[PDB]
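Both blocks below hold the same protein chain, though in two forms, and each is given as structure tokens: structure 1 and structure 2.
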Structure 1
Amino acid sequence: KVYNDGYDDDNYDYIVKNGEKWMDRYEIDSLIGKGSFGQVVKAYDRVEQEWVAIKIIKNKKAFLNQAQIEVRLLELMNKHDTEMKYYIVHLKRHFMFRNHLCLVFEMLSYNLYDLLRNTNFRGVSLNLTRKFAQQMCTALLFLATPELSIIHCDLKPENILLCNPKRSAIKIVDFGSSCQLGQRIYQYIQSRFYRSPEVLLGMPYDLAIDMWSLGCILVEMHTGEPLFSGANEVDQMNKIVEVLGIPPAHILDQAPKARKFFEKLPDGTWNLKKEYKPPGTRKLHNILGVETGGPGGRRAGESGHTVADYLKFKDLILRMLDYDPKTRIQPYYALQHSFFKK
């Protein structure tokens, strides 16, 4: 009947009203996004004389506390990037309003999945993919600084926003599922398509999980389609194996969940448990179209898509997709890679 004295709906969300004034400061314009956490509204900040995005968290304890974690991490980050040069969304301030935690951010545009839809799921150019890659690796370098040691834990196209729909600048959003290296708590993390092998295998994890996700994202940005589109964990592992082969024995031998996906043979080697291409036969070389005109052959006869360019990109991606989190490429070295040698 009544939710939050009439201010909320039956989904724990604030009922947005165009033109409402809050706290003698914000005039709410319109709803511009929503998700599991709540809503995002465009509002005018009359004190600072600028448009802002306000993320209005659901009035529900689990969502509140998720956002409190997010606020703490954003405050830590923003504090160490006062010039806003490391591609993390800027939290301006926060407040509690009518039993909703509200996070005030800079305005941004839509996400990189919306950009892919805008390409009719045919992909962005290799040059634009490179610009996204360079910004993302720079962000991951900042998150790896020791005072931060932040693992985002949910990198996907939907959590990377354009600043402006006609430009390449991005910001990473949604630190609600994030953690710090000193303070890992979650066993179940990462959205499935972008989930690292160490997490699938129930093994220890660190900031390298975010690099795995980035490798997956960058291929998808150029092809238009997810690299590893599993329907469930077993399918996800099998799709990874089609491209990358059986994981190293030294890893599977230490993996609590190895036998969810694999079986250990009499000779000590590992094979898949019993519909899929044989291990390692779905070549990234062919998914990218390195020698055959890029994805779908559609980049044949276009500049900015040579065999040489594609071989650089393939090499970087394979380093991001190293099964071993100890040897998987780290942000500093990703930035030095020949793919970014203009």
Structure 2
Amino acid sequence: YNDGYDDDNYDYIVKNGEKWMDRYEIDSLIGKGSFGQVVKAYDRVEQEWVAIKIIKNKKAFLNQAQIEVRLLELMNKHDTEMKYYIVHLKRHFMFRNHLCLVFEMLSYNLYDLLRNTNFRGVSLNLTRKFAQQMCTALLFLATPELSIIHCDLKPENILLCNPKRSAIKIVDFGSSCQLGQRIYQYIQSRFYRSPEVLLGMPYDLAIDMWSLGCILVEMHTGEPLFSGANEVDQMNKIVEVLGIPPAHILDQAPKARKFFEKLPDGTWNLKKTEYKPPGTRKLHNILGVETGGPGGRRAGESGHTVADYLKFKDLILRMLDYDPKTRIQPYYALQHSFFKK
């Protein structure tokens, strides 16, 4: 297997302490995925820690990573300070038949941060800081020259720069694409998957704003807003909160009948699979708008007022629009009264 460098998964066999090109000292494995592995390495030449993503020695993964390199170079080269919300690709090289992407070293992901709260959530003030940064990232990605859909926004793909600050970056553009001939594919992690993708409809940059709405509620409550066991359970959990999607969406949706029934009058209802009736699990109640925030845990805390929670709820409801056309766009998210401080 690759002169004994590769296992039967086409992954490089990582050896702690190995030195590459008389430059990089591999410290440890920090990550693993379909793509391959991520290692922590000390770059002797630049005198700094780096994260090296070691792509599997297999053509399809190498070709996908060449797309990831192309998008990262597009973003990293833009002449705006908004690009600092995206992880920096320092360089890439071919080493022992593996494509290696060399990234800046970031810190814990937002899932680690949730685990650190014991899944009770961070304050509304810290939620606001994360929301403002992510909306600015999505504003950047939707620049016409870029038109990048991340396609896998989730707490695990949002990393703190460092353990002390609220500064964050988006990582893992390995599944990302540029807006093009709009096509359906089975994409996004299920809990964060937009209704258009669940419904088998073609997708655009709005799927990232849906994922963001879900992420922001989770960051405050400590738990996923829509934790589906499968796609039917996922859509049923979305309907518990948001009600039956508009008829004009379901009338155009190839998978409408996986989840919904069209009745003789042209109206739609849930298919029989249990669940709260449609719209009974209000975001008003999930956030504890009038009852001291999630599980009443923010009762008499600064910047956790009914007015604050009403502004948060209104922003999330605009991010969780069933219609990708009227779903709030990043610029207007940033002008929302939730950010007026």
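We call the rigid core whatever largest set of C-alpha positions still superposes within 1.5 Å between the two forms. All residue numbers here follow the sequence of structure 1, with the first residue given the number 1.
- For the residue set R298, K34, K312, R282, core-aligned C-alpha shifts between structures 1 and 2 reach 2 angstroms or more at a single site, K34.
- Fitting C-alpha atoms of each rigid part between structures 1 and 2 shows the smaller part swung round by 9° relative to the larger.
- Once the two forms are overlaid on the core, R25 shows a Cα shift of 2.0 Å between structures 1 and 2.
- Overlaying the rigid core between structures 1 and 2 leaves the Cα of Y186 displaced by 5.8 angstrom.
- Summarising the core-aligned comparison between structures 1 and 2, the C-alpha atom of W212 is found to shift 0.1 Å.
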